[PDB]
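For reference, the chains in residue letters:
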Amino acid sequence: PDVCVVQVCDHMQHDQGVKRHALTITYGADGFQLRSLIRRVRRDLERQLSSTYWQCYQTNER
Amino acid sequence: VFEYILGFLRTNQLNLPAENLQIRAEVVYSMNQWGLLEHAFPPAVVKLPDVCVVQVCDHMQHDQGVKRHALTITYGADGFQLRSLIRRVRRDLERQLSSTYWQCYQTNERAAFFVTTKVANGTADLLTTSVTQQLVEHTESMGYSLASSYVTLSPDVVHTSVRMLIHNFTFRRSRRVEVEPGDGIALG
Amino acid sequence: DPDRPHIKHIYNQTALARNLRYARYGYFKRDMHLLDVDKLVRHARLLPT
Amino acid sequence: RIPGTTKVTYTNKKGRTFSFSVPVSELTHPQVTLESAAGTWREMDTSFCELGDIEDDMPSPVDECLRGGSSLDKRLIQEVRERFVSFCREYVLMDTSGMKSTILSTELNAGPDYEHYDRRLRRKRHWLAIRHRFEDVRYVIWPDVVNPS
Amino acid sequence: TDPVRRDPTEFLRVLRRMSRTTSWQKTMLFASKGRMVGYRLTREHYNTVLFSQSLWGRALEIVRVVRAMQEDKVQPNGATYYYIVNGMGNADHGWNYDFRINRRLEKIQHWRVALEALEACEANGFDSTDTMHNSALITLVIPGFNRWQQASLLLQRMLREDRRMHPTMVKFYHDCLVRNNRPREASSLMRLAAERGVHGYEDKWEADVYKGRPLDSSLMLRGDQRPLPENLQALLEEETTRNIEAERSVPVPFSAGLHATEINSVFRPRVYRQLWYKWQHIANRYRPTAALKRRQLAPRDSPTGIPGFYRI
Amino acid sequence: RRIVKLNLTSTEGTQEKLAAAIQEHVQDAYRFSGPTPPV
Amino acid sequence: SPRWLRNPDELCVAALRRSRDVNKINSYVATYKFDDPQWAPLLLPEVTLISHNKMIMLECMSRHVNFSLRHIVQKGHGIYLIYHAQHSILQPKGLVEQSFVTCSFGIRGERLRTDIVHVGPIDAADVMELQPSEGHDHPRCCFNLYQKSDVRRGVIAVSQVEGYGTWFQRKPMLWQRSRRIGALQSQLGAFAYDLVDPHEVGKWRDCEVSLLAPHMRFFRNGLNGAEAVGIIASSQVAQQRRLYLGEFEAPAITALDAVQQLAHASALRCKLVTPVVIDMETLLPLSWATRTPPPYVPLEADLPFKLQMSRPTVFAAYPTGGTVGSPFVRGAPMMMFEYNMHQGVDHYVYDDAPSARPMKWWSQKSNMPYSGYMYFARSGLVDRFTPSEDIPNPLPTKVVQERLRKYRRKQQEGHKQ
Ligand SMILES: CC(=O)SCCNC(=O)CCNC(=O)[C@H](O)C(C)(C)COP(=O)(O)OP(=O)(O)OC[C@H]1O[C@@H](n2cnc3c(N)ncnc32)[C@H](O)[C@@H]1OP(=O)(O)O
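Cut-off values and rules
Residues numbered from 1 in each chain as written, not as in the entry; some residues may be left out. Chains lettered and ligands numbered in written order. Part of a larger assembly, values for the part shown. Heavy atoms only, no water. Helix = DSSP H or I, 4+ residues; strand = E, 2+ residues; numbered from the N terminus. Expected span 1.5 Å × (residues − 1). Buried < 20%, exposed > 50% of the residue type's maximum accessible area, 1.4 Å probe, protein only. Contact = heavy atoms within 4.5 Å. 1 Å grid on protein atoms, 1.4 Å probe; cavity = no way out; pocket = protein on both sides within 12 Å on 5 of 7 lines; lining within 4 Å. Points joined across faces, edges and corners; volume = space filled by probe spheres on them. Nonpolar A, V, L, I, M, F, W, Y, C, P; charged D, E, K, R; others polar. Near = heavy atom within 4 Å. Polar contact = N/O pair within 3.5 Å; in protein donor to acceptor, adjacent residues only side chain to side chain. Buried area = accessible area lost by both parts, 1.4 Å probe. Salt bridge = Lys/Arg side-chain N within 4 Å of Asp/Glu carboxyl O. Axes fitted to C-alpha atoms, helices over the stretch in contact; angles between N-to-C directions. Parallel < 35°, antiparallel > 145°, perpendicular 65-115°, else oblique. Left-handed = near helix turned anticlockwise from the far one by under 90°. Pairing = 2+ DSSP bridges.

- Method information in the entry identifies cryo-EM as the source of the structure, with 3.3 Å recorded as the resolution.

- Chain E appears in the PDB entry as mt-SAF22 from Trypanosoma brucei.
- Looking at the header, the entry is titled "Mitoribosomal small subunit in complex with Mettl15 and Mettl17".

- The name given to chain D in the PDB entry is mt-SAF3, and the organism recorded there is Trypanosoma brucei.

This is the structure:
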């Protein structure tokens, strides 16, 4: 599309004093390659933190 | 486009136009296909991105009904001189902070921190404004321009009484007047 | 160490810290691949034939 | 100051070379967050600290003077002599009010208790240190007979 | 044995809990014995240990944790230097009645340990903290120790680096200078503190009576005085040095060779009286016992729930 | 209060015995914590 | 390229073929997956710049054949576990093409005994074709398995195993094992992890040696037995292309390799094989038995285990018996090793207080993953002996008429409609 909308919803929770949050990115259209964004985020966060504390994958297309 | 190319021929100096990428890429393509670009521009370290997202998040807790501030500044990409930014910020704040004690330092690459004890309302407002002012000046001095910004002011997920106001700035790198990588798609 | 103990009296018979029962051979059976048989023979109590 | 820009030589498809312009910046902080042992980071000297370690010797300023350097220096010789003399005076005029040396069975496989380092271990360690440093310093202070320092 | 309990995650969790809640021997014992029985320790393990060792001001334990770190080839990360300097800053020190507290602190040279921690952090490339520098200077000028020529240079570096002075640091260093007979440096420190606006010192500005005087090469004259003929001025200065030393030599009774600045001078860290960590209290003497009263905290014949309070 | 045990081990088994003893000490320390309950 | 981990679900055998004879219903013919390069090294002899070794593949083939046949005794049971693997080789030389499997209930009506007879070339040299299109300095070798008439064949080995096909007992296999791995991990600090030079231990490379030198003890120079502490390291297995590993456990082949290895070392000490002080003389196993008593816990790989052996009895009435498990050859001398290995910490206890039951929970036992015996022959006397006994080699019109009749009817009727 000539215009695309990207929704990033961050859900923050906490139980028994441990606080967690989950980001969900969604694209309006399908033509985007999101495996590449997942790859880029993995590459850029493996340096900043251990994978034991965060996890990013692809739920489905876009 | 031929105006730029002929001017460069006559002056041996080419300055690509930044605002109109269409004309900029048209000039680059014309000069490459004419083979004149190699005379225009003849032949750890990290690359500065094209878009930078930075933010100042400060937690404002209560000590005795009056609040103390723990502020942090974070960048999205490496290569920005946080130590210089913090020296500038402390030089600014040494005249404005009247708190009992306050300190600031670079806590890691792309992140810096500042703690001040139990400031009043006027002093807190005088703190945050100057911190953001210096952040914007420092980031723009690197070759960037503030494309967008937003603010939020929300409590903490764990502690209700903890309030945090976050300024999130988005900068676009003002492309230099030169041939740059990633712009190589323009040339055939 | 029963041979050169680093304490005055190895054993005692206070109400809650009795330790004479734990000199029995059955307790050293748990650790037999490491055991010193002469020291066992000398300092173990209810030792079988 | 950081330069901001760098140049890279690129050859087009045809085969002609020109110069790009990459915006770059240098790293200013260590990337210590990675759990990697580079082996290059500076370390803190701690050989001067006096612990209760029996397998060691009571560190003395004579120890910090005898660093395997060029001992044939007059000033270093007076420094060593005065430090050894001070160490000996410290032992001799030591305040021995609460010092006790009674054979205690509990300390067989260990030194005198941490809480009893000063009253039971300090003087003995000091004497052993004096004897050992004497073995190192005597030929320096009173060199054998063949201008003198 | 109970893989849930034998998990590096669970080991680190209980270590964090021990550092958060209880005293320092708990973390010391747990970390040391876990390290011995496998359990690779990492930088966050060592940071958790150092947090409590610094909170309780254990110089010897800080030194042992440091030696363990360089033994395991684990790199410190700025927070380690923060904790090392701040924990050397607030060690037990001083004097009771004729009884030195922590007389063992002398041979450790925790002042040099803190100086080397600062040196190593700067060399490796971390941003030191104004509180680190303050705590180093208190470490140098602690009541039992007199390293004021060292402390002056360190303070000069602080000022050239545009760091803030702490009121605790000013108090300790002024007392040390007065103990060591340095009115020039004490008065300059008071003026400097008054000008920089350290909260405790803003009415303590005082005139400079040494204006236009040298530091190193004579005799001070009021302006309405003239030097005596030199052959006689030599006799007078010879008499005056002898008189000054004769007066200095005589021992003062009902003391213990203790200066007035260090008589009745017991210092224990902040935690020792029913309080906990705070970043701005670098060397915080435990509060006076008069703060709390038993019959004010609980009725008669009932516990007040503050064991250890009221104890020196 | 802990019952003192006798160490009946060879010149070689002391390494393993020490390992086991320190593991028991670590369990006694784990008693400090409360009750116990991606990649 | 490597597959150093292999899930237990996959096997090395292709679909088996039941025999049509009424009295041979229990008889199956097994064809092994030679095509896969994954199983190729495990199902084919290793080539030395030949080793004659068989336990690398004989045990694997027998165990996976029984795993495939498990279904007829599993009855839907939760878990299936194999044991009592006996092997006796009739001809040390020669590779294997296929096998015949006869399965029965054994004694108990809850187990499944098997009998594997291996048929294939009795001489690998004939099938060998050296340096075929070497290209790179290291050639890739290939074997001609199914040959028309150029190869002489016969029985090469006879084995028997049995699987129990039972349930998952929570106590002996979940929370006692849970405690035992933790105890072994805690004990990990007691040992010194220094490997041993493979020259005096029988292996060629230092990458395939799992036997800690500082913890190898011998009695009267190994004349009365030996003990050795070893570790089947995932690091050792990964960059070693012969053996693989499971998720947590170590297979019987990678458990018996250490037995073979310590046997070679003890043989050197006892003067049974010629040392290196040149070519290496790695003693090869002729017949071996390996059992796992209950609880049938597997051998954990990442944690150390202590192996223990008996003195080598050199045979110029076997102590075991004449059935499968004892050697079926006679001639050159052999070397017998009884071995048992312990994987666990039996000496760790935690006596919180007499009132509770500390022993029922925090007590445990150093389990015996694999026990058994092995017969070895010197590598130089492989060709000296010959098989002793003799075993034989295991080597539609009416339906067509009816179908053609049916088609006649169908095509005839097709016209009427
Ligand atoms: C005279 C005066 O005024 S003294 C004033 C200050 N002191 C006092 O008031 C008395 C207080 N006394 C005490 O706290 C106890 O006696 C103490 C100090 C022994 C408590 O320390 P512990 O809990 O026993 O620590 P721990 O059991 O681990 O013993 C230290 C050992 O751990 C070793 N160790 C190795 N790595 C580490 C590590 N990361 N962390 C800690 N210890 C380590 C040390 O090498 C040391 O070896 P050692 O056994 O030969 O001594």
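**Description of helix α2 (residues 21–33) of chain B**
Residues and elements named next belong to chain B.
Right, so step 1: For α2, with 13 residues, the first-to-last C-alpha span of 18 Å sits near the 18 Å given by 1.5 Å per residue.
Right, so step 2: Those residues of α2 that fall on the buried side of the exposure criterion are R24, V27, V28, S30, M31 and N32.
Right, so step 3: Those residues of α2 that are buried lie in contact with α1 (2–11) and α3 (37–40).
Right, so step 4: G35, located one to two residues past α2, shows a positive phi value of around 70 degrees.

**Details of the layout of surface pockets**
If a probe as big as a water molecule is rolled over the atoms, it shows which places are left empty.
Residue and element names in this part refer to chain F.
Right, so step 1: Its volume calculated, the second largest pocket comes out at about 1,800 Å³.
Right, so step 2: Considering the residues around the second largest pocket, the lining is formed by 47 residues, among which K5, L6, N7, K17 and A21 are closest to the centre.
Right, so step 3: A total of 9 residues in the lining of the second largest pocket trace back to one element, the largest contributor, which is helix α1 (residues 14–30).
Right, so step 4: Classifying every residue of the lining of the second largest pocket gives 25 nonpolar, 9 polar and 13 charged.

**Description of unusual backbone geometry**
Right, so step 1: Across the junction of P294(G) and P295(G), the peptide omega takes the value -5 degrees, indicating a cis bond.
Right, so step 2: Relative to the helices and strands, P295(G) is located in the loop between β10 (284–291) and β11 (299–300).
Right, so step 3: In this structure, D2(E) takes a positive phi of about 50 degrees despite not being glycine.
Right, so step 4: By the element assignment, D2(E) lies in the segment before α1 (8–21).
Right, so step 5: Taking the relative accessible area as the measure of exposure, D2(E) reaches 15% and is therefore buried.
Right, so step 6: Even without being a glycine, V277(G) presents a positive backbone phi close to 55 degrees.
Right, so step 7: Take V277(G): it is sitting in the loop between α7 (252–270) and β10.
Right, so step 8: Classification of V277(G) as exposed rests on a relative accessible area of 99%.

**Notes on the site of the ligand**
Right, so step 1: The immediate surroundings of the ligand are formed by 15 residues, with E115(D), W24(E), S32(E), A68(E) and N102(E) found nearest.
Right, so step 2: Mapping the residues adjacent to the ligand onto the chains of the assembly identifies chains D and E.
Right, so step 3: Here an oxygen atom of the ligand and a side-chain polar atom of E115(D) are 2.2 Å apart.
Right, so step 4: In the environment of the ligand, an oxygen atom lies 3.2 Å from a nitrogen or oxygen atom belonging to the backbone of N102(E).
Right, so step 5: Sorting elements by how many residues they give to the shell around the ligand places helix α2 (residues 24–36) of chain E first, with 5 residues.

**A word on the interface of chain E and chain D**
Right, so step 1: Counting residues at the interface gives 33 residues for chain E and 25 residues for chain D.
Right, so step 2: Summing both partners gives a buried area of about 2,900 Å² for chain E against chain D, and 54% of it is carried by carbon and sulfur.
Right, so step 3: Per-residue buried area on chain E facing chain D is highest for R67(E), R104(E) and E116(E); these three make up 22% of the total on that side.
Right, so step 4: Taken together, the connections running from chain E to chain D amount to 7 salt bridges.
Right, so step 5: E43(D) is the salt-bridge partner of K73(E), the closest N and O atoms lying 3.1 Å from each other.

**Notes on the packing of helix α3 (residues 43–55) of chain E against helix α4 (residues 59–72) of chain E**
All names here are of chain E.
Right, so step 1: It is at 9 Å that the axes of α3 and α4 come closest, and there the two elements cross at 165 degrees. Comparing their axes, α4 and α3 come out roughly antiparallel. Remark: the crossing between α3 and α4 carries left-handed chirality. Each of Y46, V49, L50, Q53 and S54 in α3 lies in contact with α4, whose residues at this interface are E61, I62, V65, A68, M69 and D72.
Right, so step 2: When grouped by side-chain class, the residues that make up the contact of α3 with α4 number 7 nonpolar, 2 polar and 2 charged.

**Topic: empty space enclosed by the protein**
All names here are of chain E.
Right, so step 1: Considering only enclosed or pocket space, the largest cavity measures out at about 160 Å³ in volume.
Right, so step 2: At the level of secondary structure, the elements contributing two or more residues to the lining of the largest cavity comprise α3 and α5 (79–89).
Right, so step 3: The biggest single contributor to the lining of the largest cavity is α5, with 3 residues.
Right, so step 4: A per-class count over the lining of the largest cavity returns 8 nonpolar, 5 polar and 2 charged.

**What about the pairing of strand β7 (residues 163–173) of chain B?**
Residues and elements named next belong to chain B.
Right, so step 1: Burial within β7 is extensive, with 8 of its 11 residues counted as buried.
Right, so step 2: In this structure, strand β2 (residues 51–62) lies alongside β7, joined through 10 bridges in antiparallel fashion. Following the sheet pairing, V53 is matched in β7 by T170.
Right, so step 3: In this sheet, β7 lies alongside strand β6 (residues 144–155) in antiparallel orientation, the contact comprising 11 bridges. Bridge pairing in β7 links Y150 to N168.

**Structural notes on the pattern of salt bridges**
Right, so step 1: The final tally for this structure, using the stated rule, is 52 salt bridges over all chains.
Right, so step 2: A salt bridge links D3(C) to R42(C), with the shortest nitrogen-to-oxygen separation between them at 2.5 Å. Residue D3(C) is found in the segment before α1 (25–29), and its partner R42(C) is found in helix α2 (residues 37–43); the two are separated by 39 residues along the sequence.
Right, so step 3: For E227(G), the salt bridge identified is with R217(G), shortest N-O distance 2.6 Å. A residue pair is termed long-range when its members are at least 10 positions apart, and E227(G) in strand β8 (residues 225–230) and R217(G) in strand β7 (residues 216–218) qualify at 10 residues.
Right, so step 4: Note on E227(G): relative accessible area 30%, which makes it partly exposed.
Right, so step 5: Bridged by salt links that share partners, the residues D1(C), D3(C), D38(C), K39(C) and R42(C) form one connected network.

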